[PDB]
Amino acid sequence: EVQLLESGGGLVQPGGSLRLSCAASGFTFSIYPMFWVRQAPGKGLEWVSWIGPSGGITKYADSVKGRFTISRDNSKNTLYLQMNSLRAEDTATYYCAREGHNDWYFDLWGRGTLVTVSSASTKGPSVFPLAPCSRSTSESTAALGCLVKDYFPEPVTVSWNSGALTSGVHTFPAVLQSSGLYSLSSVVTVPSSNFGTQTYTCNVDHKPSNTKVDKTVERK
């Protein structure tokens, strides 16, 4: 299978410097030209840089030149992005592409690496139980959950009953606060009966700071 797996992404202070990796397998690498393209957090797509097969001409975009340089080891079959003096707006997930036949469209994409450019420091979240003070009813459905507050950077996976519970679960997308950190809640909706002998717990996991917490919302 034709693959592009890219790596070497993560958290960097601005004016720092990153080297990115795109690893090509399933095809004759040394023939095709290659691209890096980026998409900002949430927003549209934007080309970054190009390179002819051999390695003997490179091209860059305005917002990018002088700071970025694309390169290539044909022998290991691997595309490189070398990144210097990164602005906060250099943040984005970065894809490599390979151009299709005989001009600038992209017929193969990688899975992507996320690049996070900020002074903000890596921080583990706190996990707070969303129990309703709703001690009543009789109302139909029931909801409990989790607040996952003050972390950096993304991502955090959340789960319930270690995998048993999946139905009625909503993990919300993270939200950059005004302090400059992320927060997301994760709720679970389920109708009143089964609860009797059912326990409820968040499995919050944050690999950039190795926090692994299980809070179990106390029922009422």
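Residue numbers here begin at 1 and follow the sequence given.
Of the two segments examined, 50-58 and 29-37, it is 50-58 that shows the higher average Cα temperature factor in the deposited entry. Taking only CA atoms, the mean B-factor in the PDB entry is higher for 196-204 than for the other of 5-13 and 196-204. In this PDB entry, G112 carries a Cα temperature factor that places it within the middle third of its chain's modelled residues.
Residue-level temperature factors show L79 in the middle third of its chain, judged at the C-alpha atom.
Per the PDB record, residue ranking by Cα B-factor puts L18 in the highest third of the chain. When the CA B factors of the chain's modelled residues are split into thirds, the value for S186 lands in the middle one.
In this PDB entry, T93 carries a Cα temperature factor that places it within the lowest third of its chain's modelled residues.
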